[PDB]
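Q: One file is attached below, upload-v5.cif, containing mmCIF, C-alpha atoms and all ligand atoms.
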data_coords
#
loop_
_atom_site.label_atom_id
_atom_site.label_comp_id
_atom_site.auth_asym_id
_atom_site.auth_seq_id
_atom_site.Cartn_x
_atom_site.Cartn_y
_atom_site.Cartn_z
CA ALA A 1 18.52 10.31 -14.22
CA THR A 2 16.17 8.11 -12.19
CA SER A 3 12.89 10.00 -12.62
CA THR A 4 12.11 8.14 -15.86
CA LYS A 5 13.41 4.67 -14.92
CA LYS A 6 10.91 1.80 -14.86
CA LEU A 7 9.74 -0.27 -11.89
CA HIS A 8 9.78 -4.09 -11.75
CA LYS A 9 7.42 -6.56 -10.07
CA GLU A 10 8.88 -9.35 -7.94
CA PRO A 11 7.31 -12.51 -6.46
CA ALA A 12 6.40 -12.80 -2.78
CA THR A 13 4.37 -15.28 -0.75
CA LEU A 14 1.83 -14.43 1.92
CA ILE A 15 2.81 -15.56 5.40
CA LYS A 16 0.04 -13.72 7.27
CA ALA A 17 -2.15 -10.63 7.00
CA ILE A 18 -1.58 -7.95 9.65
CA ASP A 19 -3.69 -4.81 9.25
CA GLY A 20 -4.83 -2.12 6.84
CA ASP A 21 -1.43 -1.28 5.36
CA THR A 22 1.09 -3.90 6.51
CA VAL A 23 1.51 -7.59 5.71
CA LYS A 24 4.01 -10.36 6.45
CA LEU A 25 5.50 -11.84 3.26
CA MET A 26 8.23 -14.28 2.26
CA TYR A 27 10.46 -12.25 -0.08
CA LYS A 28 13.59 -13.75 -1.64
CA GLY A 29 13.06 -16.61 0.81
CA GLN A 30 13.08 -14.49 3.99
CA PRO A 31 10.16 -13.28 6.18
CA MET A 32 9.50 -9.54 5.98
CA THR A 33 6.89 -7.04 7.08
CA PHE A 34 5.80 -4.87 4.13
CA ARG A 35 4.18 -1.43 4.31
CA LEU A 36 2.09 0.06 1.51
CA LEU A 37 3.84 2.94 -0.25
CA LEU A 38 2.02 6.29 -0.51
CA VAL A 39 -0.86 5.59 1.87
CA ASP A 40 -2.11 6.03 5.43
CA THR A 41 -4.98 3.91 6.77
CA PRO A 42 -7.07 4.35 9.94
CA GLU A 43 -6.00 2.04 12.77
CA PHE A 44 -8.12 -0.70 14.39
CA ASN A 45 -9.43 1.66 17.09
CA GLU A 46 -10.39 4.36 14.57
CA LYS A 47 -13.46 4.62 12.36
CA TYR A 48 -13.06 2.63 9.12
CA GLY A 49 -9.97 0.97 10.61
CA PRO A 50 -11.54 -2.51 11.01
CA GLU A 51 -12.92 -2.06 7.48
CA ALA A 52 -9.50 -1.20 5.98
CA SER A 53 -7.91 -4.16 7.76
CA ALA A 54 -10.67 -6.48 6.52
CA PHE A 55 -10.33 -5.15 2.96
CA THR A 56 -6.56 -5.71 2.84
CA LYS A 57 -6.83 -9.09 4.57
CA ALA A 58 -9.30 -10.40 1.98
CA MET A 59 -7.32 -8.98 -0.93
CA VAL A 60 -4.04 -10.60 0.13
CA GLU A 61 -5.40 -13.91 1.46
CA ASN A 62 -7.58 -14.55 -1.59
CA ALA A 63 -4.75 -13.71 -3.99
CA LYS A 64 -3.45 -16.61 -6.07
CA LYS A 65 -0.30 -14.58 -6.75
CA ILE A 66 1.26 -11.73 -4.78
CA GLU A 67 3.93 -9.43 -6.17
CA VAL A 68 5.86 -6.53 -4.69
CA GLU A 69 7.17 -3.57 -6.64
CA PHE A 70 9.76 -1.38 -4.92
CA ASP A 71 10.04 2.24 -6.00
CA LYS A 72 13.33 3.99 -6.85
CA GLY A 73 14.10 5.58 -3.52
CA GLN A 74 14.09 3.95 -0.09
CA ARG A 75 13.24 0.21 -0.17
CA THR A 76 13.05 -0.29 3.62
CA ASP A 77 11.92 2.25 6.22
CA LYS A 78 13.58 3.16 9.54
CA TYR A 79 11.54 0.38 11.19
CA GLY A 80 12.89 -2.31 8.87
CA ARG A 81 9.67 -2.58 6.86
CA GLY A 82 9.74 -3.11 3.11
CA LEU A 83 8.20 -0.17 1.24
CA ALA A 84 6.44 -1.29 -1.91
CA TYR A 85 3.41 -1.37 -4.10
CA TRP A 86 1.71 -4.73 -3.63
CA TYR A 87 -0.19 -6.54 -6.37
CA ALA A 88 -2.80 -9.22 -5.76
CA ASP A 89 -3.33 -11.04 -9.06
CA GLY A 90 -2.33 -7.94 -11.00
CA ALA A 91 -4.44 -5.50 -8.94
CA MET A 92 -2.58 -2.94 -6.85
CA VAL A 93 -3.52 -3.08 -3.17
CA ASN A 94 -2.35 0.52 -2.59
CA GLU A 95 -4.71 1.77 -5.29
CA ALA A 96 -7.68 -0.44 -4.37
CA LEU A 97 -7.67 0.69 -0.72
CA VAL A 98 -7.58 4.36 -1.72
CA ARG A 99 -10.29 3.85 -4.38
CA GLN A 100 -12.62 2.47 -1.69
CA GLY A 101 -11.97 5.43 0.60
CA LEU A 102 -10.31 3.16 3.18
CA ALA A 103 -6.93 4.90 3.00
CA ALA A 104 -5.61 8.36 2.17
CA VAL A 105 -2.65 9.32 -0.01
CA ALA A 106 0.18 10.17 2.39
CA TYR A 107 3.92 9.88 2.98
CA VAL A 108 4.68 11.05 -0.56
CA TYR A 109 8.44 11.56 -0.93
CA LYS A 110 11.14 12.39 -3.50
CA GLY A 111 11.77 9.66 -6.04
CA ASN A 112 9.61 7.16 -4.19
CA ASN A 113 6.29 8.37 -5.59
CA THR A 114 6.09 6.75 -9.03
CA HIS A 115 2.37 6.01 -8.64
CA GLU A 116 1.34 9.26 -6.93
CA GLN A 117 -0.92 10.58 -9.71
CA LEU A 118 -2.57 7.17 -10.07
CA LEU A 119 -3.36 7.07 -6.34
CA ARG A 120 -4.46 10.71 -6.17
CA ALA A 121 -6.88 9.99 -9.03
CA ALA A 122 -8.34 7.08 -7.04
CA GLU A 123 -8.66 9.31 -3.97
CA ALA A 124 -10.42 12.06 -5.93
CA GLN A 125 -13.00 9.54 -7.14
CA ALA A 126 -13.46 8.03 -3.67
CA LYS A 127 -13.96 11.54 -2.29
CA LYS A 128 -16.38 12.47 -5.10
CA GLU A 129 -18.46 9.39 -4.26
CA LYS A 130 -18.14 10.23 -0.54
CA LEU A 131 -16.92 6.70 0.19
CA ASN A 132 -16.12 5.69 3.77
CA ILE A 133 -13.57 8.13 5.25
CA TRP A 134 -14.90 10.72 2.80
CA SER A 135 -18.51 10.36 4.00
CA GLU A 136 -17.73 12.30 7.20
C1 LIG B 201 4.61 4.71 4.22
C2 LIG B 201 5.93 5.12 4.92
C3 LIG B 201 6.02 5.16 6.27
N1 LIG B 201 7.20 5.53 6.91
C4 LIG B 201 7.29 5.57 8.39
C5 LIG B 201 6.96 7.02 8.81
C6 LIG B 201 6.19 6.81 10.09
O1 LIG B 201 7.04 6.86 11.23
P1 LIG B 201 7.26 8.19 12.11
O2 LIG B 201 5.92 8.44 12.61
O3 LIG B 201 8.14 7.75 13.37
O4 LIG B 201 8.11 9.08 11.32
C7 LIG B 201 5.61 5.43 9.99
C8 LIG B 201 4.14 5.48 9.65
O5 LIG B 201 3.72 4.15 9.53
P2 LIG B 201 2.28 3.67 9.95
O6 LIG B 201 1.30 4.61 9.37
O7 LIG B 201 2.22 2.23 9.66
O8 LIG B 201 2.29 3.87 11.52
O9 LIG B 201 6.32 4.73 8.98
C9 LIG B 201 8.34 5.86 6.19
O10 LIG B 201 9.40 6.19 6.69
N2 LIG B 201 8.23 5.82 4.82
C10 LIG B 201 7.09 5.47 4.12
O11 LIG B 201 7.14 5.48 2.90
CA CA B 202 -1.19 3.84 8.72
#
Please rewrite the model in this file as structure tokens.
A:
Amino acid sequence: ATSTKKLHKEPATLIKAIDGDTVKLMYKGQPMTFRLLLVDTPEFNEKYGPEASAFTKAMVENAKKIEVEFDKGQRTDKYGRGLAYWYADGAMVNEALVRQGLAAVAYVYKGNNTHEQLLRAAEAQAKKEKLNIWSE
């Protein structure tokens, strides 16, 4: 089975920050746009959008080391974007954004949701504290 298999972190280098949930990284020596697994962030024209983008930008740009961790299902979406959990010096970007109430758990599929419970826990706490998107 694959449900109990482990995930592995891989090195990547920041090329440029994009927005709340996408980033341009050099992976295996090639440029790629990565999308955060299991989340949905407000866009630039939406409330908390500029905040989410700023949060992710700072987290990735100030990271000494960036790593990507693909899940066990789809590694690239229909738009050619890499689907992964990103880590900035050991801290998961997907989790951090949700914990601050700057993103919501979304796009949770099959065997591509290894960190679902972890993220839902962060969302519950962000909602309890009425942080950002949960203050409405
Ligand atoms: C996060 C994620 C997004 N996507 C696709 C679905 C959405 O396209 P459709 O709307 O055409 O189906 C789009 C959402 O991305 P954004 O939220 O960046 O716009 O990315 C996946 O296919 N798998 C994923 O795991
Ligand atoms: Ca989004």
Q: I'd like to know which of A:35, A:99, A:115, A:127 is closest to ligand CA 202 (chain B), using only C-alpha atoms and all ligand atoms.
A: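 Selected residue with least distance to ligand CA 202 (chain B): A:35.
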Q: May I ask which of the residues A:107, A:79, A:27, A:48 is the closest one to residue 66 in chain A, counting all atoms listed in the file?
A: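 Among A:107, A:79, A:27, A:48, it is A:27 that comes nearest to residue 66 in chain A.
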Q: Could I get the residue neighbourhood of ligand LIG 201 (chain B) at 10 Å, counting all atoms listed in the file, as an NGL selection string?
A: :A and (19-22 or 34-43 or 71 or 73-84 or 105-109 or 112-113)
Q: Write the residues of the selection above to a file with C-alpha atoms, as a short mmCIF file (atom, residue, chain, number, x, y, z; two decimals), in the coordinates of the input.
A:
data_model
loop_
_atom_site.label_atom_id
_atom_site.label_comp_id
_atom_site.auth_asym_id
_atom_site.auth_seq_id
_atom_site.Cartn_x
_atom_site.Cartn_y
_atom_site.Cartn_z
CA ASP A 19 -3.69 -4.81 9.25
CA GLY A 20 -4.83 -2.12 6.84
CA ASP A 21 -1.43 -1.28 5.36
CA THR A 22 1.09 -3.90 6.51
CA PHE A 34 5.80 -4.87 4.13
CA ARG A 35 4.18 -1.43 4.31
CA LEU A 36 2.09 0.06 1.51
CA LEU A 37 3.84 2.94 -0.25
CA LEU A 38 2.02 6.29 -0.51
CA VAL A 39 -0.86 5.59 1.87
CA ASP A 40 -2.11 6.03 5.43
CA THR A 41 -4.98 3.91 6.77
CA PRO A 42 -7.07 4.35 9.94
CA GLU A 43 -6.00 2.04 12.77
CA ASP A 71 10.04 2.24 -6.00
CA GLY A 73 14.10 5.58 -3.52
CA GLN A 74 14.09 3.95 -0.09
CA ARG A 75 13.24 0.21 -0.17
CA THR A 76 13.05 -0.29 3.62
CA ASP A 77 11.92 2.25 6.22
CA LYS A 78 13.58 3.16 9.54
CA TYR A 79 11.54 0.38 11.19
CA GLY A 80 12.89 -2.31 8.87
CA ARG A 81 9.67 -2.58 6.86
CA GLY A 82 9.74 -3.11 3.11
CA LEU A 83 8.20 -0.17 1.24
CA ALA A 84 6.44 -1.29 -1.91
CA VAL A 105 -2.65 9.32 -0.01
CA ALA A 106 0.18 10.17 2.39
CA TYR A 107 3.92 9.88 2.98
CA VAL A 108 4.68 11.05 -0.56
CA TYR A 109 8.44 11.56 -0.93
CA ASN A 112 9.61 7.16 -4.19
CA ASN A 113 6.29 8.37 -5.59
#
Q: Measuring between all atoms listed in the file, which one of A:68, A:63, A:18, A:96 shows the shortest distance to ligand CA 202 (chain B)?
A: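 Once distances to ligand CA 202 (chain B) are computed over all atoms listed in the file, the minimum belongs to A:18.
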Q: Please return the centre and edge lengths, in Å to one decimal, of a box with edges along x, y and z that contains all listed atoms of range 19-38 of chain A, widened by 5 Å on every side, as AutoDock Vina command-line options.
A:
--center_x 4.4 --center_y -5.2 --center_z 3.8 --size_x 28.4 --size_y 32.9 --size_z 20.9
Q: Smallest atom-to-atom distance to ligand CA 202 (chain B): which of A:32, A:26, A:104, A:88, using only C-alpha atoms and all ligand atoms?
A: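 Counting only C-alpha atoms and all ligand atoms, the residue closest to ligand CA 202 (chain B) is A:104.
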Q: So how far away is CA of residue 114 in chain A from CA of residue 67 in chain A, in Å?
A: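 Between CA of residue 67 in chain A and CA of residue 114 in chain A the gap is 16.6 Å.
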Q: Need the neighbours of (15.0, 2.4, -11.5): which residues are at most 8 Å away, counting all atoms listed in the file, as a list in words?
A: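 Output of the proximity query reads residues 2, 3, 4, 5, 6, 7, 71 and 72 of chain A.
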Q: Determine the nearest neighbour of ligand CA 202 (chain B) from the options A:45, A:125, A:100, A:13, counting all atoms listed in the file.
A: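 Smallest separation from ligand CA 202 (chain B) among the options: A:45.
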Q: In Å, rounded to a single decimal, give me how far CA of residue 131 in chain A is from CA of residue 103 in chain A.
A: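 CA of residue 131 in chain A lies 10.5 Å from CA of residue 103 in chain A.
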Q: Go ahead and compute the interatomic distance for CA of residue 118 in chain A and CA of residue 31 in chain A, in Å to one decimal.
A: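 Going from CA of residue 118 in chain A over to CA of residue 31 in chain A, I get 29.1 Å.
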Q: Please provide the set of residues having any atom within 12 Å of residue 64 in chain A, restricted to all atoms listed in the file, with same-chain residues fewer than 5 positions apart removed, written as a list in words.
A: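 These residues fall inside the cut-off: residues 11, 12, 13, 14, 58, 59, 87, 88, 89, 90 and 91 of chain A.
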Q: Nearest residue to residue 15 in chain A out of A:124, A:93, A:60, A:119, using all atoms listed in the file?
A: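 Among the listed residues, A:60 lies closest to residue 15 in chain A.
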Q: Give me the residues near residue 46 in chain A as a PyMOL selection string, where near means some atom within 12 Å (using all atoms listed in the file) and where sequence neighbours in that chain fewer than 6 positions away do not count.
A: chain A and resi 20+52-53+102+133
Q: What would the file be for range 13-110 of chain A if you keep C-alpha atoms and write it as an mmCIF file, in the first residue's frame?
A:
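Wrote it out as result33.cif, contents follow:
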data_model
loop_
_atom_site.group_PDB
_atom_site.id
_atom_site.type_symbol
_atom_site.label_atom_id
_atom_site.label_comp_id
_atom_site.auth_asym_id
_atom_site.auth_seq_id
_atom_site.Cartn_x
_atom_site.Cartn_y
_atom_site.Cartn_z
ATOM 1 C CA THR A 13 16.652 27.181 -4.571
ATOM 2 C CA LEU A 14 14.528 30.314 -4.614
ATOM 3 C CA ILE A 15 14.452 32.074 -7.973
ATOM 4 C CA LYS A 16 11.689 34.552 -7.118
ATOM 5 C CA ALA A 17 8.622 34.903 -4.906
ATOM 6 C CA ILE A 18 5.278 35.141 -6.717
ATOM 7 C CA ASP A 19 2.222 35.333 -4.457
ATOM 8 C CA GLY A 20 0.447 33.779 -1.490
ATOM 9 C CA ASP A 21 0.705 30.149 -2.580
ATOM 10 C CA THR A 22 3.065 29.919 -5.566
ATOM 11 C CA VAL A 23 6.814 30.422 -5.916
ATOM 12 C CA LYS A 24 9.464 30.027 -8.624
ATOM 13 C CA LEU A 25 12.197 27.560 -7.598
ATOM 14 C CA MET A 26 15.202 25.840 -9.157
ATOM 15 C CA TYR A 27 14.501 22.121 -8.633
ATOM 16 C CA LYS A 28 16.904 19.450 -9.890
ATOM 17 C CA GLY A 29 18.567 22.287 -11.789
ATOM 18 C CA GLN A 30 15.471 23.434 -13.704
ATOM 19 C CA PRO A 31 13.144 26.431 -13.098
ATOM 20 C CA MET A 32 9.675 25.486 -11.850
ATOM 21 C CA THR A 33 6.595 27.161 -10.436
ATOM 22 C CA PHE A 34 5.504 25.438 -7.212
ATOM 23 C CA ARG A 35 2.036 25.519 -5.642
ATOM 24 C CA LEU A 36 1.371 24.834 -1.961
ATOM 25 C CA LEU A 37 -0.388 21.517 -1.381
ATOM 26 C CA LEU A 38 -3.647 21.507 0.617
ATOM 27 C CA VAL A 39 -4.277 25.258 0.732
ATOM 28 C CA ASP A 40 -6.150 28.138 -0.889
ATOM 29 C CA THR A 41 -5.098 31.749 -0.282
ATOM 30 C CA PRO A 42 -6.955 35.000 -1.070
ATOM 31 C CA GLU A 43 -5.690 36.716 -4.217
ATOM 32 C CA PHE A 44 -4.068 40.169 -4.433
ATOM 33 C CA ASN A 45 -7.404 41.907 -5.068
ATOM 34 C CA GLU A 46 -9.114 40.156 -2.143
ATOM 35 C CA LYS A 47 -9.002 40.962 1.563
ATOM 36 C CA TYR A 48 -5.939 39.439 3.266
ATOM 37 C CA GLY A 49 -4.501 38.670 -0.179
ATOM 38 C CA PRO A 50 -1.665 41.251 -0.012
ATOM 39 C CA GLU A 51 -1.012 39.985 3.524
ATOM 40 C CA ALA A 52 -0.765 36.327 2.440
ATOM 41 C CA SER A 53 1.550 37.264 -0.425
ATOM 42 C CA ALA A 54 3.736 39.325 1.924
ATOM 43 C CA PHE A 55 3.850 36.494 4.477
ATOM 44 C CA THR A 56 4.950 33.892 1.920
ATOM 45 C CA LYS A 57 7.405 36.296 0.264
ATOM 46 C CA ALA A 58 9.185 36.988 3.563
ATOM 47 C CA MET A 59 9.213 33.331 4.561
ATOM 48 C CA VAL A 60 10.801 32.151 1.303
ATOM 49 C CA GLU A 61 13.172 35.084 0.689
ATOM 50 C CA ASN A 62 14.546 35.062 4.237
ATOM 51 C CA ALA A 63 15.048 31.291 4.185
ATOM 52 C CA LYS A 64 18.660 30.115 4.294
ATOM 53 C CA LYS A 65 17.496 26.727 3.007
ATOM 54 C CA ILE A 66 14.387 25.786 1.036
ATOM 55 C CA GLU A 67 13.159 22.224 0.635
ATOM 56 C CA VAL A 68 10.234 20.704 -1.222
ATOM 57 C CA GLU A 69 8.397 17.569 -0.195
ATOM 58 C CA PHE A 70 6.132 15.959 -2.790
ATOM 59 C CA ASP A 71 3.236 13.846 -1.576
ATOM 60 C CA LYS A 72 2.411 10.354 -2.879
ATOM 61 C CA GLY A 73 -0.156 11.231 -5.512
ATOM 62 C CA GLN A 74 0.113 13.853 -8.245
ATOM 63 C CA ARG A 75 3.457 15.717 -8.271
ATOM 64 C CA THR A 76 2.519 18.289 -10.943
ATOM 65 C CA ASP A 77 -0.919 19.778 -11.601
ATOM 66 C CA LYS A 78 -2.716 20.246 -14.934
ATOM 67 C CA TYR A 79 -1.051 23.671 -15.222
ATOM 68 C CA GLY A 80 2.466 22.245 -14.952
ATOM 69 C CA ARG A 81 2.972 23.471 -11.383
ATOM 70 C CA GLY A 82 4.820 21.364 -8.834
ATOM 71 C CA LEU A 83 2.572 20.336 -5.943
ATOM 72 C CA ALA A 84 4.486 20.119 -2.688
ATOM 73 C CA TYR A 85 4.907 21.031 0.917
ATOM 74 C CA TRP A 86 7.583 23.716 1.137
ATOM 75 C CA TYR A 87 9.969 24.077 4.067
ATOM 76 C CA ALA A 88 11.836 27.260 4.926
ATOM 77 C CA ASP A 89 14.637 26.309 7.328
ATOM 78 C CA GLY A 90 12.618 23.350 8.584
ATOM 79 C CA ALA A 91 9.331 25.253 8.960
ATOM 80 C CA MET A 92 6.482 24.269 6.654
ATOM 81 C CA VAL A 93 5.143 27.190 4.631
ATOM 82 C CA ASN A 94 1.782 25.443 4.052
ATOM 83 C CA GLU A 95 1.272 25.099 7.803
ATOM 84 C CA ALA A 96 2.546 28.564 8.754
ATOM 85 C CA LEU A 97 0.181 30.343 6.330
ATOM 86 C CA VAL A 98 -2.821 28.405 7.638
ATOM 87 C CA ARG A 99 -1.782 28.949 11.276
ATOM 88 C CA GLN A 100 -1.821 32.725 10.682
ATOM 89 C CA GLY A 101 -5.278 32.589 9.117
ATOM 90 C CA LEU A 102 -3.888 33.721 5.759
ATOM 91 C CA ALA A 103 -4.935 30.563 3.908
ATOM 92 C CA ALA A 104 -7.621 27.908 4.214
ATOM 93 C CA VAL A 105 -7.296 24.128 3.943
ATOM 94 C CA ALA A 106 -8.530 23.227 0.464
ATOM 95 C CA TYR A 107 -7.939 20.972 -2.541
ATOM 96 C CA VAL A 108 -7.623 17.900 -0.310
ATOM 97 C CA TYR A 109 -7.413 14.784 -2.496
ATOM 98 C CA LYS A 110 -6.863 11.009 -2.338
#
